[PDB]
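S.K.: how would this look folded up:
(5 chains, ligands or ions: 100)
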Amino acid sequence: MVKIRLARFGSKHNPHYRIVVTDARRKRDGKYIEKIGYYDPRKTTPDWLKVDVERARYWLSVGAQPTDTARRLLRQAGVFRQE
Amino acid sequence: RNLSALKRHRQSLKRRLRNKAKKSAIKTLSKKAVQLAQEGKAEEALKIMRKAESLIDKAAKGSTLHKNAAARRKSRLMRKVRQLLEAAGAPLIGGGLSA
Amino acid sequence: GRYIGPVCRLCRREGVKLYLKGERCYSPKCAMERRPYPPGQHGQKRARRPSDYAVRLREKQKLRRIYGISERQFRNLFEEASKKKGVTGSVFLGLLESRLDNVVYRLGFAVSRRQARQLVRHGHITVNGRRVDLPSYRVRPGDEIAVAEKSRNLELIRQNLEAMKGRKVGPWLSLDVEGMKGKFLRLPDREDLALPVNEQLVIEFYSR
Amino acid sequence: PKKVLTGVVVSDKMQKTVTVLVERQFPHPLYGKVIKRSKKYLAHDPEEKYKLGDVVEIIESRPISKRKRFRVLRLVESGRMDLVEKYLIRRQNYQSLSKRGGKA
RNA sequence: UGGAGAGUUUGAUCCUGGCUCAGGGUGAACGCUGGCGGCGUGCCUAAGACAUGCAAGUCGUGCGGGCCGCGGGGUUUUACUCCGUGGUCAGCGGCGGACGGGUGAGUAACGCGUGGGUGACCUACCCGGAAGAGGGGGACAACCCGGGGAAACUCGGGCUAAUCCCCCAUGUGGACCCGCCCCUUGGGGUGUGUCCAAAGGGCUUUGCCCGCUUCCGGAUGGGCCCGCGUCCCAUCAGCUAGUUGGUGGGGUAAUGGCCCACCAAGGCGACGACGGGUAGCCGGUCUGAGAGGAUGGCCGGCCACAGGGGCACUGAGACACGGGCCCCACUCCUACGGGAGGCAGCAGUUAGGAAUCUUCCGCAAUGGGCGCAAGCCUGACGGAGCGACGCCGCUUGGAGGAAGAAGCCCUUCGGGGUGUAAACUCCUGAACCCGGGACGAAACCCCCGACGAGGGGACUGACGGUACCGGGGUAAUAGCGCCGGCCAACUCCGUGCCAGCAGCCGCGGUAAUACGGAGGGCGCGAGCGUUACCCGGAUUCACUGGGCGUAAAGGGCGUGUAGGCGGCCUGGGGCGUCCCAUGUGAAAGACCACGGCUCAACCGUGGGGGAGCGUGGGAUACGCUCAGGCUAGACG
Ligand SMILES: [K+]
Ligand SMILES: [K+]
Ligand SMILES: [K+]
Ligand SMILES: [K+]
Ligand SMILES: [K+]
Ligand SMILES: [K+]
Ligand SMILES: [K+]
Ligand SMILES: [K+]
Ligand SMILES: [K+]
Ligand SMILES: [K+]
Ligand SMILES: [K+]
Ligand SMILES: [K+]
Ligand SMILES: [K+]
Ligand SMILES: [K+]
Ligand SMILES: [K+]
Ligand SMILES: [K+]
Ligand SMILES: [K+]
Ligand SMILES: [K+]
Ligand SMILES: [Mg+2]
Ligand SMILES: [Mg+2]
Ligand SMILES: [Mg+2]
Ligand SMILES: [Mg+2]
Ligand SMILES: [Mg+2]
Ligand SMILES: [Mg+2]
Ligand SMILES: [Mg+2]
Ligand SMILES: [Mg+2]
Ligand SMILES: [Mg+2]
Ligand SMILES: [Mg+2]
Ligand SMILES: [Mg+2]
Ligand SMILES: [Mg+2]
Ligand SMILES: [Mg+2]
Ligand SMILES: [Mg+2]
Ligand SMILES: [Mg+2]
Ligand SMILES: [Mg+2]
Ligand SMILES: [Mg+2]
Ligand SMILES: [Mg+2]
Ligand SMILES: [Mg+2]
Ligand SMILES: [Mg+2]
Ligand SMILES: [Mg+2]
Ligand SMILES: [Mg+2]
Ligand SMILES: [Mg+2]
Ligand SMILES: [Mg+2]
Ligand SMILES: [Mg+2]
Ligand SMILES: [Mg+2]
Ligand SMILES: [Mg+2]
Ligand SMILES: [Mg+2]
Ligand SMILES: [Mg+2]
Ligand SMILES: [Mg+2]
Ligand SMILES: [Mg+2]
Ligand SMILES: [Mg+2]
Ligand SMILES: [Mg+2]
Ligand SMILES: [Mg+2]
Ligand SMILES: [Mg+2]
Ligand SMILES: [Mg+2]
Ligand SMILES: [Mg+2]
Ligand SMILES: [Mg+2]
Ligand SMILES: [Mg+2]
Ligand SMILES: [Mg+2]
Ligand SMILES: [Mg+2]
Ligand SMILES: [Mg+2]
Ligand SMILES: [Mg+2]
Ligand SMILES: [Mg+2]
Ligand SMILES: [Mg+2]
Ligand SMILES: [Mg+2]
Ligand SMILES: [Mg+2]
Ligand SMILES: [Mg+2]
Ligand SMILES: [Mg+2]
Ligand SMILES: [Mg+2]
Ligand SMILES: [Mg+2]
Ligand SMILES: [Mg+2]
Ligand SMILES: [Mg+2]
Ligand SMILES: [Mg+2]
Ligand SMILES: [Mg+2]
Ligand SMILES: [Mg+2]
Ligand SMILES: [Mg+2]
Ligand SMILES: [Mg+2]
Ligand SMILES: [Mg+2]
Ligand SMILES: [Mg+2]
Ligand SMILES: [Mg+2]
Ligand SMILES: [Mg+2]
Ligand SMILES: [Mg+2]
Ligand SMILES: [Mg+2]
Ligand SMILES: [Mg+2]
Ligand SMILES: [Mg+2]
Ligand SMILES: [Mg+2]
Ligand SMILES: [Mg+2]
Ligand SMILES: [Mg+2]
Ligand SMILES: [Mg+2]
Ligand SMILES: [Mg+2]
Ligand SMILES: [Mg+2]
Ligand SMILES: [Mg+2]
Ligand SMILES: [Mg+2]
Ligand SMILES: [Mg+2]
Ligand SMILES: [Mg+2]
Ligand SMILES: [Mg+2]
Ligand SMILES: [Mg+2]
Ligand SMILES: [Mg+2]
Ligand SMILES: [Mg+2]
Ligand SMILES: [Mg+2]
Ligand SMILES: [Zn+2]
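M.R.: Numbers count the residues shown, from 1 in each chain, chains lettered A, B, ... in the order given. Ligands and ions are numbered 1, 2, ... in the order given. The structure is reproduced below:
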């Protein structure tokens, strides 16, 4: 099914992923459907994680299945925080 | 060597057989009703047309015909029968056709 | 492989005096006093009217031999300058003038640019409190260039920074001699520098 | 949108099918001067409704046959062989350039 | 924000004109030389041939067994036999094996690009909604018994479970025929007739979970169709019979000569058909002032292919690289009957070649498959290795001080040069089996909560003892090309049209800045040169931006076909043309800004531009077209 996962974009030893919405079958760094965030595993800057939660919510509403690590990050930005 | 997923080949043959057999019936019954309809024998032509209809749908129950392949068949069948019965037919058993 | 070879001989070939030793290139010994003529078995022979190319080439060699940079890095900067907005000539001289090793020389933390280079490579210098051992590190306005505490007590750093007491510093810079600190106030203007160089001839050299 | 083109009927010799010659004008990609180019289309005509000289509007349609993906959307103006003749002569022209040749 | 030219035809000149050089580039190779690191990058030839290992499996929460083992039952005892549980094997069944990975052979084509069409369509798993799962029946492996073969492997007989297969039922609904209505290609509603559903499993077992069935929709993915665009040769000019169309049928998810039967005689071409050559196309890349030229490696998108050819089976999906069948070529086993194979997956071998790497580490991270989960698989990937192949950074010292050399090697023999240069005095301190030592990794899981939201919790690092920090600490690689002009750098000796140099002009015939050596000099520097190829200079195919009296170039002349071009006035239309709005123009790249690694290369975030095409609206001077008029062209 269509997923919400990470796509590698940094450099050697300098990873930077894109929180992406793509068909499960594509290369990971392949052609996605829509970028909805980005993540810096090493927090090299204060802005090491952003997520268009409105959009994340959209895709989930239509079947988007997040990777575990994908889900984990989305949550960290309150994609599920209904509180 | 020895890729145990040759079990798929193994299985395909069993399936091939299943499908193959279901179709023969379908083809054979259809021809049979189309044959009767034409010969003007209405009540039995429909009787069989009805079996063929059922068999076809069932074929599409699983992966033998599925899709709209079933629909085409029934369509062409109910087509030829109703028409061939244009020899003074008069749908006796009013089987599958809805006059 | 930053050159490394006899220096008070480049000045001789360049006609003008290139202070590439700081000290001594002042004393009655810089050779430019006795033998201002180019080096070699023909250095004194009659001069032959140089070609347009010659003029431009020598001028580029002068400006670049001053900062002791490679032709590679030198060219890289010039290209970066052509691309930037603003009179290439100046902008170029600005960038040159922003190399840390250079600024360390302007602040007097060292006699020559060559000496200032070694002082960076050896970590005796600090930008904003953090060590920077890259002679080409580009200093930006506001950055405070200093001397690592551990180096502050170095015999050389003493004689040097001492000799800077009550001594003047370029208008785009500023140094607190005591604390051994210095600030890069802003990019020097063409007017702020006074080098024996017609940078226009250089721009032309890289237009051929 | 399904494409709509306008052309002249230059052929009627087919059952339920007419050949529509469509013209197109445009500046040359490198030389500028506006140049006329054209293509013949085989539009579908169920009622044999159109004849030569007929200027019609061809509409992009679901394939009716190989070499035939358009239907005659309507007539723009009737009879006018000035166009048919033109086409025909250019064709007759070919009846030359080879090994033999006419006299035109 | 953007555009330099020079050498060479003459005794000299101007012009024409070709050749050549200065610049930038390359998946490079070769020569001399070679220290450190980061990031990239590395079979361009034989889509030649391949040993070996690994590269796709996973579910015991769908099912029944075999082998090996332990435990517990029914007996007075044994035999026999019941239950539980562990290891293991495959089998039945399911999902995956159609992705991910490789390559560029074929292809000049709806293959690709761009913009559209589908009332002519499909889409497993995922998401939302509605409805449902009553009853019965069957078989084949496993296993057991027997037969054949050298082997691969195979034939028969018997038994058996299921989420395997079938029958009947229920019919939310859906499919088909006919009618009607609304819509307009096969879209939607409706009525009658007919036809079509299902599977169970797991428990914290009396409600939850995983799953099953039918239907409508969503999402993602895809098929097919269409306008426009896409190399060279016209010393290829005619091409075509399923060929063009029709009717009916077949086939498909679906349109269609896609295929077939019959009918018609059509279709295509100079706006280049047909044929030949060559070639995957694109985002982009290199170059250029631009227009343009050239190109398509790495990365992303699409296509094609999996030893060569043909074919279908199974599937939601393939006509399937590690599935199947046949033909061919080749290798292998053969008891000669007959079998087994396909690295254009990672690594490696061999061949060819000027030339292209480790039979490496890890599954820790991102991603993928299966599973309720634990977890299993993953040569995809993340890393390390090798190669100056590229880009960036960095070192071989810094500051002070002129022995001064048998010989190298200049001279007017007074001196000049190498040169502040100098294993020689002072400073710092690359290297360096010395201390500490990482981010990348917090999820799945567990518990509380309600398997939700929240909240706490074990666990896990290949890279790596690496980076980085702190301590100590040595003065510690330099080479290559060139020095007649273009073109930066000149003298001695040697040689004597020789030996040789040479990009072009040329140099050497006894004073050679041109050969070879030496001193000196210029350029660049872990590189420097060479060869090859691309753009440039070349307005030297000229659209921007050229020419033809004598330099190359007016057709021997005419006639006229196609085509190109078209006087003055008015009106319609609004095709060309122009304007507005809007959609599209993926990401990457490029540009600008800020930011992370000590800088940079490299990377991250954000910003701006944009032709072309689609849609809607508008303008009408000019060009076009239609209509009318004129008389200055033309003709009479
Ligand atoms: K002809
Ligand atoms: K038995
Ligand atoms: K009904
Ligand atoms: K659906
Ligand atoms: K769709
Ligand atoms: K589509
Ligand atoms: K037909
Ligand atoms: K460019
Ligand atoms: K291009
Ligand atoms: K191309
Ligand atoms: K799952
Ligand atoms: K240290
Ligand atoms: K030394
Ligand atoms: K001699
Ligand atoms: K010489
Ligand atoms: K060229
Ligand atoms: K002539
Ligand atoms: K002639
Ligand atoms: Mg299996
Ligand atoms: Mg039969
Ligand atoms: Mg500038
Ligand atoms: Mg007709
Ligand atoms: Mg000449
Ligand atoms: Mg000459
Ligand atoms: Mg002459
Ligand atoms: Mg001459
Ligand atoms: Mg003369
Ligand atoms: Mg010339
Ligand atoms: Mg070597
Ligand atoms: Mg490397
Ligand atoms: Mg290859
Ligand atoms: Mg090979
Ligand atoms: Mg493995
Ligand atoms: Mg067992
Ligand atoms: Mg098993
Ligand atoms: Mg692939
Ligand atoms: Mg190819
Ligand atoms: Mg061809
Ligand atoms: Mg297209
Ligand atoms: Mg399937
Ligand atoms: Mg559902
Ligand atoms: Mg049973
Ligand atoms: Mg058996
Ligand atoms: Mg049996
Ligand atoms: Mg079933
Ligand atoms: Mg109902
Ligand atoms: Mg039923
Ligand atoms: Mg249950
Ligand atoms: Mg048909
Ligand atoms: Mg059909
Ligand atoms: Mg199919
Ligand atoms: Mg055909
Ligand atoms: Mg090819
Ligand atoms: Mg040009
Ligand atoms: Mg450019
Ligand atoms: Mg690619
Ligand atoms: Mg091969
Ligand atoms: Mg094949
Ligand atoms: Mg099938
Ligand atoms: Mg396969
Ligand atoms: Mg294929
Ligand atoms: Mg293989
Ligand atoms: Mg290999
Ligand atoms: Mg060889
Ligand atoms: Mg993993
Ligand atoms: Mg994973
Ligand atoms: Mg370097
Ligand atoms: Mg000396
Ligand atoms: Mg020194
Ligand atoms: Mg010391
Ligand atoms: Mg952490
Ligand atoms: Mg609980
Ligand atoms: Mg939590
Ligand atoms: Mg784990
Ligand atoms: Mg120290
Ligand atoms: Mg010179
Ligand atoms: Mg000789
Ligand atoms: Mg001589
Ligand atoms: Mg010489
Ligand atoms: Mg040109
Ligand atoms: Mg012109
Ligand atoms: Mg000319
Ligand atoms: Mg002549
Ligand atoms: Mg002539
Ligand atoms: Mg003439
Ligand atoms: Mg004419
Ligand atoms: Mg006119
Ligand atoms: Mg005209
Ligand atoms: Mg008009
Ligand atoms: Mg218009
Ligand atoms: Mg636009
Ligand atoms: Mg883009
Ligand atoms: Mg920075
Ligand atoms: Mg930066
Ligand atoms: Mg960006
Ligand atoms: Mg418009
Ligand atoms: Mg108007
Ligand atoms: Mg008008
Ligand atoms: Mg008129
Ligand atoms: Zn000096």
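S.K.: Tell me where chain B has helices.
M.R.: Per DSSP state H, chain B carries helices over the ranges B:7-38, B:42-59, B:69-84.
S.K.: Which of the residues in the shortest one are classified as buried?
M.R.: Within helix B:69-84, the residues that count as buried by 16 or more other C-beta atoms under 10 Å in any protein chain shown are B:70, B:73, B:74, B:77, B:78, B:80, B:81, B:82, B:84. Yep, even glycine has a C-beta here, placed from its N, CA and C like the rest.
S.K.: for ligand 22, what are the nearby residues on chain C?
M.R.: Not one residue of chain C sits near ligand 22, judged by C-beta under 5 Å from the ion.
S.K.: Could I get the full set of helices for chain C?
M.R.: Remark: helices assigned in chain C by DSSP H are C:10-14, C:52-66, C:71-83, C:88-96, C:100-106, C:113-121, C:149-152, C:155-162, C:199-205.
S.K.: Which secondary structure elements does the third one sit against?
M.R.: Translated: helix C:71-83. When contacts are defined as 3 or more C-beta pairs under 8 Å, 6 or more residues apart in numbering or on different chains; DSSP states H and E, helix C:71-83 packs onto helix C:88-96.
S.K.: go on, the fourth one?
M.R.: Contacts defined by 3+ C-beta pairs under 8 Å, 6+ apart place helix C:88-96 against helix C:71-83, helix C:199-205.
S.K.: Kindly reformat those as CSV and extend each row with mean neighbour count and distance to RNA strand E.
M.R.: Listed next are the helices and strands packed on helix C:88-96 as CSV, based on neighbours: other C-beta atoms under 10 Å in any protein chain shown; distance: least, C-beta to the nearest atom of the strand, whole Å:
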stretch, mean neighbour count, distance to RNA strand E
helix C:71-83, 15, 3
helix C:199-205, 19, 5
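S.K.: Out of these, flag the one nearest ligand 100.
M.R.: Among the helices and strands packed on helix C:88-96, helix C:71-83 comes nearest to ligand 100, with 19.6 Å by C-beta to the ion.
S.K.: roughly how far is the closest one from the heart of the chain?
M.R.: Centroid separation for helix C:71-83 versus its chain: 16 Å, with C-alpha atoms, centre = their mean, to the nearest Å.
S.K.: That helix vs helix C:52-66, what angle?
M.R.: Interaxial angle, helix C:71-83 versus helix C:52-66 (axes from the mean of the first three to the mean of the last three C-alpha atoms, to 10 degrees): 100 degrees.
S.K.: Is residue D:80 in contact with residue D:56, as I believe?
M.R.: No - Residue D:80 is beyond contact range of residue D:56, at 11.8 Å (criterion: C-beta atoms under 8 Å).
S.K.: More neighbours: those two, which one.
M.R.: Per other C-beta atoms under 10 Å in any protein chain shown, whichever of residue D:80 and residue D:56 has more neighbours is residue D:56, with 26 against 13.
S.K.: tell me the SS of residue D:11?
M.R.: Taking DSSP: H, G, I helix; E, B strand; the rest coil as the rule, one finds residue D:11 in the strand state.
S.K.: mind putting the helices of chain B in a markdown table, distance to ligand 22 included?
M.R.: Formatted as a markdown table, the helices of chain B follow (distance: least, C-beta to the ion, whole Å):
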| stretch | distance to ligand 22 |
| --- | --- |
| helix B:7-38 | 35 |
| helix B:42-59 | 40 |
| helix B:69-84 | 29 |
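S.K.: what's the burial count for residue B:22?
M.R.: Based on other C-beta under 10 Å, the number of other residues close to residue B:22 is 19.
S.K.: any idea which helix or strand carries the most centrally placed residue in chain D?
M.R.: Chain D has residue D:21 as the residue nearest its centroid, 1.1 Å off, counting by C-alpha atoms, centre = their mean. Take DSSP states H and E as the rule and residue D:21 turns out to sit in strand D:17-28.
S.K.: what do residue D:80 and residue D:56 both touch?
M.R.: Both residue D:80 and residue D:56 are in contact with residue D:8, where contact means C-beta atoms under 8 Å, 6 or more residues apart in numbering or on different chains.
S.K.: ok, which stretches of the chain are helices?
M.R.: Let's take chain A. Along chain A, counting by DSSP H, helices occupy A:53-61, A:68-76.
S.K.: oops, chain D please
M.R.: In chain D, the helices defined using DSSP H lie at D:81-94.
S.K.: Check chain C for the residue nearest ligand 22 and tell me.
M.R.: Closest point on chain C to ligand 22, by C-beta to the ion, is residue C:83, at 68.3 Å.
S.K.: To what extent is residue 46 buried, counted in neighbours?
M.R.: As the question left the chain open, I've gone with chain A. For residue A:46, the count of nearby residues is 7 (other C-beta under 10 Å).
S.K.: wait, chain B
M.R.: A count of nearby residues for residue B:46, using other C-beta under 10 Å, gives 25.
S.K.: Identify the residue nearest it in space, chain neighbours excluded?
M.R.: Distance criterion C-beta to C-beta, 6 or more residues apart in numbering or on different chains; nearest residue to residue B:46, sequence neighbours excluded, is residue B:95 at 3.4 Å.
S.K.: For ligand 21, what is the nearest residue in chain A?
M.R.: Residue of chain A nearest ligand 21, by C-beta to the ion: residue A:11 (30.3 Å).
S.K.: Would you list the phi and psi of that residue?
M.R.: Phi and psi for residue A:11, reported as degrees, to the nearest 10, are phi -160, psi 180.
S.K.: again, but for residue D:97
M.R.: phi -40, psi 80.
S.K.: As JSON lines, the helices of chain C with distance to residue C:140 would be great.
M.R.: Formatted as JSON lines, the helices of chain C follow (distance: least, C-beta to C-beta, whole Å):
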{"stretch": "helix C:10-14", "distance to residue C:140": "30"}
{"stretch": "helix C:52-66", "distance to residue C:140": "22"}
{"stretch": "helix C:71-83", "distance to residue C:140": "15"}
{"stretch": "helix C:88-96", "distance to residue C:140": "11"}
{"stretch": "helix C:100-106", "distance to residue C:140": "10"}
{"stretch": "helix C:113-121", "distance to residue C:140": "16"}
{"stretch": "helix C:149-152", "distance to residue C:140": "23"}
{"stretch": "helix C:155-162", "distance to residue C:140": "23"}
{"stretch": "helix C:199-205", "distance to residue C:140": "22"}
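S.K.: right, so of those, which gets closest to residue D:15?
M.R.: Among these, helix C:71-83 comes nearest to residue D:15, with 69.0 Å by C-beta to C-beta.
S.K.: Report the contact partners of residue 28.
M.R.: Just so you know, I chose chain A. So residue A:28 contacts A:5, A:6, A:7, A:8 (C-beta under 8 Å, 6+ apart).
S.K.: Sorry, I should have been clearer: chain D.
M.R.: D:34, D:35.
S.K.: run the last query once more with 6 Å
M.R.: Neighbour list for residue D:28: residue D:35 [criterion: C-beta atoms under 6 Å, 6 or more residues apart in numbering or on different chains].
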